[PDB]
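Novice:
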Amino acid sequence: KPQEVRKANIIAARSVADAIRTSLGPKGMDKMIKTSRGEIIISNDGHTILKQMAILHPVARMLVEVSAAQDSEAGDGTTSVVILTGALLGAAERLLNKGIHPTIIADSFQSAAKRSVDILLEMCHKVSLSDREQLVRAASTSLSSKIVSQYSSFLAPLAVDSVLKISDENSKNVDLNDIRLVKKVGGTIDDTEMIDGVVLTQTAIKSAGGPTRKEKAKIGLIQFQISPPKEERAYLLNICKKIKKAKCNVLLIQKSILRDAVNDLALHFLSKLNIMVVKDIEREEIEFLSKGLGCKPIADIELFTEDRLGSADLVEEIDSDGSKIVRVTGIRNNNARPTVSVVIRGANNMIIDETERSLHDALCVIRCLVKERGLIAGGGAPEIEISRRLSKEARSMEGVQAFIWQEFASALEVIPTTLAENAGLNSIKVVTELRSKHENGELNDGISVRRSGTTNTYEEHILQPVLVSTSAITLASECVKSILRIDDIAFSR
Amino acid sequence: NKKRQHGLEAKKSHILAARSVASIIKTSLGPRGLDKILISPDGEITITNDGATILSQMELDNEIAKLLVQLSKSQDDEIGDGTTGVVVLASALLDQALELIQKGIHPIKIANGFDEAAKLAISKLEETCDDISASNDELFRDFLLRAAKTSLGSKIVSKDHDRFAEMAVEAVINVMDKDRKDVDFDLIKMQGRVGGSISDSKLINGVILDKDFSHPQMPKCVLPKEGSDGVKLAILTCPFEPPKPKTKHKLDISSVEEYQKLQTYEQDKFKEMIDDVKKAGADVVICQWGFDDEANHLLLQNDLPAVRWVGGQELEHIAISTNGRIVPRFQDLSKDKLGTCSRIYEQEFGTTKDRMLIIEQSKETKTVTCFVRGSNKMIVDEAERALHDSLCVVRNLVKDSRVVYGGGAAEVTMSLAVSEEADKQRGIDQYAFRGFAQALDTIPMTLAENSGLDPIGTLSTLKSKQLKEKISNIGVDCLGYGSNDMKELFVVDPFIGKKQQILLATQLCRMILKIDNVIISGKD
Amino acid sequence: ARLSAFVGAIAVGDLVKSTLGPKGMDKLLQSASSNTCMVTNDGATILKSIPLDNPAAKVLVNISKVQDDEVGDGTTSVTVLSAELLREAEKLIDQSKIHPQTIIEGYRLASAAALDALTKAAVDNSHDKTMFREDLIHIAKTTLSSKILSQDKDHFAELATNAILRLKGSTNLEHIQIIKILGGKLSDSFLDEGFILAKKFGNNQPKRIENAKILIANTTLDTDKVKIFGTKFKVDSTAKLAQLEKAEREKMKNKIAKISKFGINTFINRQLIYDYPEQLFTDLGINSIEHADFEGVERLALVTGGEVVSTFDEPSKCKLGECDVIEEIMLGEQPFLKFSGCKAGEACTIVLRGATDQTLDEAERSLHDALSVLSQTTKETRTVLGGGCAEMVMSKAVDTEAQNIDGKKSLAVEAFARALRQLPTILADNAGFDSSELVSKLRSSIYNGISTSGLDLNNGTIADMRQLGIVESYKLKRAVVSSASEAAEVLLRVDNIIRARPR
Amino acid sequence: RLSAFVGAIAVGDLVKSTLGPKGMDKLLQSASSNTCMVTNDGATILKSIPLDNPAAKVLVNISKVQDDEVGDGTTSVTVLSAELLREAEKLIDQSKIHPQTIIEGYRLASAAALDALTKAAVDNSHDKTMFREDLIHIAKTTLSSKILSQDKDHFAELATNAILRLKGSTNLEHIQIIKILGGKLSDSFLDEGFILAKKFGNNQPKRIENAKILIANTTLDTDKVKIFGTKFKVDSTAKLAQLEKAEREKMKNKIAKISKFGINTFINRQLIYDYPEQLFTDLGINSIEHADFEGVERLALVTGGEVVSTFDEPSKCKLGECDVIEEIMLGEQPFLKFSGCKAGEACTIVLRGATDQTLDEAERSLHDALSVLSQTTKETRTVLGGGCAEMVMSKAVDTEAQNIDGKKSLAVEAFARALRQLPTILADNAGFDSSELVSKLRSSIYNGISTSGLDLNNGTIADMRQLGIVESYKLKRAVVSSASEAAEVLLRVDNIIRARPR
């Protein structure tokens, strides 16, 4: 029964969106999940909800894949893409009962999506990455979730300093691994650092006599460790021939438990060589270091040569109340990467943990502004705005395109309807007002939780990057196709 | 876990079992025959109409059927033709017996009748025999081919099968000596490569095996060079090179002197061993392990192609024709301990880059291995079976010039003769001799049922012309030609083969009808 | 018997029925592994992935596996046509009481009828070379369909069109190289004769080498022993071992002396090279490449035109490769090396610029098979009208031959045409257009002249396929009939299933 | 729809084996089970078998109309209409066709099929002997389905000579069928005398020539005619009897008032008392009594008499006329035979069979055959049978599929496929290979030769004109006409709604 597979896929998929429908909005409700390991989680973060859910229905697992795509595409809207998809699926159920073939539905949704993206451009507030003011204004929207927003004006240009340096307006794709957020326990947001190089999680030297740092030094990027079996110093001294000959004033040795990263005596031998010592450098952190430095790792000590070193302005260890933070400034290698790192300070570990997540979101906000220059209104204003321009133009459509595009219009209301429900306002009263405000008034009008009603979101300063809404329409139209196109579920072997 | 059933009712259980055996093989008889799906123990899918493989892969638990199969093996082993007809005829002979049992005919009275009725049938068949080899030797070759095509035109090769008959008739002409008056079918090996087409099969006058020369700088063809002892093949287990273990070494090297010292050992053993190839008398060398590159280049100056990793049986097949030996060491080799041929050449076949090795004597050889190709791996398996069977078709046509014009016509001709002797019985045996005809009719009936013809009226159509007209061949039209007369269609079966079919089937009646108890004991 | 025998094929058809067409529906695969969630309309993946129980259904799988390697396309149409032929036969067997061989013989007569129709409709352009080029665009226009590339097909059309026009001669398919590059929408792909490898050459050698002499070594050059490999470092003093390796360095240089004996500018090795024999290549001025895999060795043999060179004993008595330009470049966010103008090389490389891995996985199969189809259009210049036209053209001729034929065989020939009319029916249903209206209107067109019409499944009508440019291969469609003809012969001959002792 | 159309398919399965002179019988078992019946009469089969699917109640009623209207084609219509539904199933589940599209296509094709039956019609108005020879060939088909398959050649003359001699009104009341026990089937004979099966009269003239017949509907037995609740509380039996004797005197006057007409035969529907009858003796009048309505109603129109329920005054009524009124005793049973009756074209077929169990079926057989032959005098166009017309019909339907739109094409071909099942059922019931015989006729008729048909005796294909298998233009028109009507009704049914059973 090929129709029953499609009927089952829609019924099953809608039950996934029914889980997320309650989480949309800053006042939204929380979900509790008891995981297979017995740990019970509770949060309103949608991607976290779906990440720890592990839905067993393989078709419903595609909705989780879309969430991750939303996170890697824009970095926000992880709940908006799921709720939007659920509306397309519920609208699809109506289209199926009306007797529309799955392929007519899918291609018709794709065509409506093409206009939807154009409409999003029509409502776009043109900005630029040179707008140093609005960039902060955009961050302050996402920093409304900040636990202590008295520090929001400190993290605001902090994210700008990270990106404005490595990616100006003349840029396309920003790699969020190039801006590595490295948190340090204690302090306050009064102390944040835009580090134009790398920040290491390991200290330098516990022994006395250590250089602890070297200015105008070369960086050793080595995966091969120095491990002996008079012979104790003779071996390390024999290796000193490879250490010194490379012209390396800083060795950063990958953590390996088979062979000691830095020999116990090497702390003293490199103090004679004036070489900065860092040992037990996590391999997963070497994934950060061995790439950003622009040089290549040494898999055999004999390969440790001059060309494989970095040329750093300074490799320094910052010691403040027991910190001892190894970092580099001015990597300035011909093959280097624009690597910036952020030093995060806060009350306790629980605060800097949350800060890293919010700074990651802030970088996603700017990354949205890099990929797509321009801002759009919040509060579901773009969703009501499209439904007006869509349904106003849909009257001119002919054929089955008129009925599917009209159903698409009704599905676009799932966001302002959900925003109103989770906000505690009558869903009819709110949507009705939004219709009259976008029809006669400004496209900036939307739902305001601050004023307990529908107000101008531009005047209330609720703005979001256009990429969130464009990627929501894009991935949703791709998802509703991928779900509608499932014709059978077969055991594989 | 034993059986208990008393009285002749046990024989009803035995015969009803045979009806199950027949219901399997029945539909496989005829060139319009239906195939069986064979589920291999490992899951391999085999599709065949050959009753020998159908019976071989047929698994049945009733011990009566295990007897039917084990005895049918003698039809495949001794003759190699109509194993299918042995089971089909035997089932009909047992089916008519089931009627005789209910009529109250004593089991032995049944068996005595089938024996004497066969004495009548085989004799009446001889009265109608024909000499396929009559007149000239060129006519023998002609009719030998015309019949060989009848066995090959029934398989997947039927499109261009005349080419498989080309190699078949010419092979047995090369492999048969009228002074010997016999054909040793083991002198012909069946071998091919997976893939290809019918036209890619070749008639090879000598030995070909799935091997190619191991070094591309060595000559693809070795000759005696005008007067030497042909081309000798070294059949050894170890290579001509400085000794090097194929498991573990464990040679301690104390210094640079000792390190390179082995290369000095290798240089002398390189030239010594490749000289020991020439001194031993090998023109090419085939060993179970491969040969050192530096030895290989020293072999080049002497034109000494070589092959690595070869089993003994494959080189034995060569050594059969070349009189080679597996001598433990290369030092005891001679022009005779190493077997001799005239030419070894490596043949490429269009897009086939395998480039197989062929060993010939530059004359009439003592063995041939013909070359088979086909568009599917499984087609090749059956195609070589067609060459196996068509090899036995001509093998029997050589053994006995007496042939019968078949297609069920001989069975109907014999059936009519049995009905002629029915009136001369006028006794208890009249009940049984008549049933022998009813059983002989099940062969032409089965031939018609597998062809889509009227199962009853076809019997009357054949009997009408073989009774009111003449003993002229009136066969079944399963081939889809116009009408009867297999003499016109040149569809011919061996006389001695049909005799063995009748006599062996009678033996099956003696075996099944005379078993009164099936005692199946257990196992500890 | 046959109630259990032939029914196995009906299931195979339903497994693939929904996968055929430009708008085909997808199948979901998931195994007991739980991590094998795959969504594909690819018939090769679907046919190979689905386990089957009925051994007669396993026969149809093996039949289509041959189609996959023999042609590389049409594997869906083989399973569809072969299944509908058996489904029509199942109805003949029960309803009319038709002998199994009678059905077999009818499909044989119908096979000749279909071959005649496809022959009559052959349209070729060996004249007007420009139109042959356009036909290659149209054949790719149809062959590049059915993929997730359907949004970007126009760009892939020119890419594959130039690739087949690049061979401009022998149909050597290995001349074509496909590079999977991450980054960008698929319209960023480009065709380049550079025969891209992902490795560079030399330690410090000039990145542009012109009029190069390329020598390929196929063996291990990491501590390369002159055939003394197999000795051990077994000494009572560590210092003696290092000396033993220096003895290898004397042997490596003797191998390098034989390798450099050729007088070469460039050198390529299958395996890695130890710093010393590599530094000898560097010091000798030789552009040295290492760690080439099977395709590195095999393609260079077909590109540079040399040997694996197991023997370095003389500058001659073997092929030595050549390249007009050896260009090392940073391209595709990976250091690439480009061989341009190889030994009489008429080839090119297609570089795919996709977004992610799964997308490049499908385009790899798409372009691999797409050029495989086009490789047959050089030898076979006769083309066929697509859009379901040819299927309807065959259905007309089969009905024509059914006009003059005997009874038991006429029931099968008519059924053969009904099966041919299921091919355009499945296409229309998978596109979501009235499966009855479109197929019947095709019949009125082909019956009353108009031997150019077909389905416009983009606009939902029936149109002249020569205007829309829906073109098929004579050999492709001939193989669809031919493979199906043999497929039916095999399955229609099944009378029982016999099990030998199972393992 | 799925169940609404399939509901009726079972009806075809009940009758699919009844088609053809070689057909097979159905065994009926009553609720008491002791009155089992073996019959191939399709109308009896459809009327006897209760069917619980409402869709079958419709199709059964459709066939009842054809039984009373035509009298033949009960199986032909029921089977053809069932095959239309068997084709419709495939047009629904596997095709996705709207019911109305199926309806419009079946209507379209029914028009073309009527044209094929028209184009192939052959009539013989000249050479009335050749029409007689065709009537023989027609009877050779209508006499099928009975043990008459052995003696059919003889019954063709019994029926052909009757309809040949009718040469007048096709009212079947002019022809009577009589079942007499004794004799073999071939011993039946045709008699022009429209024999009445009873003799009455005590001492009455058994031979009347130049007779005037008075059929009577009155009471000439005893008194108190239509008098209820009248009792005689009398002290003298003369006071009671005088009133019956007075009515006997009134009958003695009505015997004279009857006699004053000039009557020589008096036939009464009710009993006549010995004395009122006895007075007819001296009058020269044969007095017949207790003749039932079924008989005298046809005598009213065969003898040309009058009912004359009131005899109170002479010269007030009409009379009949008969040349010879005589008593004929055959089959150990006396009969009253008439000859030279008003409208003298009358006749009767007298059956002389072994047992009434066999005569009952032959009676209905000739009854239906007389119906068919009667209609062939008004519609003298004939067509070739044996599936010849059915295959010629299918040829024309294919022609419509050559020029047809897209939705109706699948339905036009279905109408043809149903027509090709008609010769299929014939061949299967004859026990021959239908797959070859149907396709052999298909190739014979498709490739010209519009002559051939199914030879049920030899299992082959031969000319129907030489084999003598012909059927009426009107019969085949009704088969295809009522079939398209049967589908028009059943194809329009989408749901079954039930008012609560009573």
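Chains as they are written, first to last, in my numbering: chain A, 29 to 521; chain B, 9 to 532; chain C, -8 to 494; chain D, 4 to 505. The C-beta atom is built at its ideal place from N, Cα and C for all residues, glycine as well.
Anything in the stretch 452 to 475 of chain C with a Cβ closer than 8 Å to a Cβ of chain D? List those residues in chain order, please.
Specialist: Those residues of the stretch 452 to 475 of chain C that come within reach of chain D (Cβ to Cβ, closer than 8 Å) do not exist; the list is empty.
Novice: Please identify, using Cβ separations under 8 Å, the residues of the stretch 296 to 323 of chain B that lie next to chain C, in order along the chain.
Specialist: Residues passing the 8 Å Cβ filter: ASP300, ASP301, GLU302, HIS305.
Novice: How would you list, in chain order, the residues of chain B whose beta-carbon sits under 7 Å from the beta-carbon of C/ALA2?
Specialist: The contacting residues do not exist; C/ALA2 stays about 16 Å from chain B at best.
Novice: To the nearest angstrom, report how far apart A/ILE147 and A/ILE414 are at their CA atoms.
Specialist: Using only the alpha carbons, I get a separation of about 6 Å.
Novice: Kindly list, in the order they appear in chain C, the residues whose Cβ is closer than 8 Å to that of B/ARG393.
Specialist: Those within 8 Å of B/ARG393 in chain C number zero; the least Cβ separation is about 16 Å.
Novice: Should B/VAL29 and B/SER143 be called a contact, given that it needs their Cβ atoms to be closer than 8 Å?
Specialist: The answer is no: Cβ separation not under 8 Å.
Novice: Find the residues of chain C that neighbour A/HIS129, judging by a C-beta separation of less than 9 Å, and give them in chain order.
Specialist: Those are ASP420, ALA422, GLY423, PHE424, listed as they occur along chain C.
Novice: So the candidates are A/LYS319, A/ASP381, A/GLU260; which of them puts its Cα closest to the Cα of A/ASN291?
Specialist: Considering only alpha carbons, the answer is A/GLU260.
Novice: Of the choices D/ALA486, D/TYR476, D/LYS143, D/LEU117, whose alpha-carbon is the least far from that of D/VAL400?
Specialist: D/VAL400 has its Cα closest to that of D/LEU117, out of D/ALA486, D/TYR476, D/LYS143, D/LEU117.
Novice: Strictly below 9 Å CB to CB, what residues from chain B border C/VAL288?
Specialist: Those within 9 Å of C/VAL288 in chain B number zero; the least Cβ separation is about 15 Å.
Novice: Give the secondary structure of C/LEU376 by DSSP, where H, G and I count as helix, E and B as strand, and everything else as coil.
Specialist: Reduced to three states, the DSSP call for C/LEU376 is strand.
Novice: Going along chain D, which residues have a C-beta under 8 Å from C/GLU61?
Specialist: Here the premise fails: no neighbours, minimum Cβ distance about 33 Å.
Novice: Applying the 10 Å Cβ sphere with the 16-neighbour rule, what's the burial state of C/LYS138?
Specialist: C/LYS138 should be labelled buried.
Novice: How would you label B/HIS14, buried or exposed, when you count the other beta carbons within 10 angstroms and need 16 or more for buried?
Specialist: Classification for B/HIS14: exposed.
Novice: Among A/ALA405, A/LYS300, A/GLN31, whose alpha-carbon lies nearest the alpha-carbon of A/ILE490?
Specialist: Measuring from the Cα of A/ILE490, the nearest candidate turns out to be A/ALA405.
Novice: Using the beta-carbon count (16 or more within 10 Å), is B/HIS114 buried or exposed?
Specialist: B/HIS114 should be labelled exposed.
Novice: Going by alpha carbons, who is nearest to B/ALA18 out of B/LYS522, B/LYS531, B/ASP284?
Specialist: Of the candidates B/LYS522, B/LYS531, B/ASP284, the one whose C-alpha sits nearest the C-alpha of B/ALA18 is B/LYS522.
Novice: What are the partner residues of D/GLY323, as DSSP defines its beta bridges?
Specialist: Answer is D/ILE216.
Novice: Would the beta-carbon of D/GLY434 fall within 8 Å of that of D/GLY388?
Specialist: It is not a contact, given that the beta carbons lie outside the stated cut-off.
Novice: Span of the beta strand (DSSP E) holding B/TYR353?
Specialist: Element bounds for B/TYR353: 351 to 357.
Novice: Across which residues does DSSP place D/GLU329 in a beta bridge pair?
Specialist: Answer is D/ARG210, D/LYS340, bridged to D/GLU329.
Novice: Mapping DSSP to helix, strand and coil, what is A/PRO444?
Specialist: In the structure shown, A/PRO444 sits in a helix (DSSP, three-state: H, G or I).
Novice: How many whole angstroms separate the CB atoms of A/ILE281 and A/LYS307, which I take to be in contact at a CB cut-off of 8 Å?
Specialist: With 8 Å as the limit, A/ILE281 and A/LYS307 qualify as a contact, their Cβ atoms being about 6 Å apart.
Novice: Please determine, among A/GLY215, A/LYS283, A/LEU331, the residue with the shortest C-alpha to C-alpha distance to A/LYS269.
Specialist: The option with the nearest alpha carbon to A/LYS269 is A/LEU331.
Novice: Just list the residues that DSSP pairs B/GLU368 with in beta bridges.
Specialist: Paired residue(s): B/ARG351.
Novice: Starting from A/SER510, find everything on chain C with Cβ-Cβ shorter than 9 Å and list it in chain order.
Specialist: Result: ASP17, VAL30.
Novice: Using CA coordinates, which residue listed in C/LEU51, C/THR443, C/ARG492, C/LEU482 is at the minimum distance from C/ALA80?
Specialist: Answer by Cα proximity: C/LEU482.
Novice: Just the chain B side, please: which residues come within less than 7 Å of C/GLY221 by C-beta, in chain order?
Specialist: In chain order: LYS252, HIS257.
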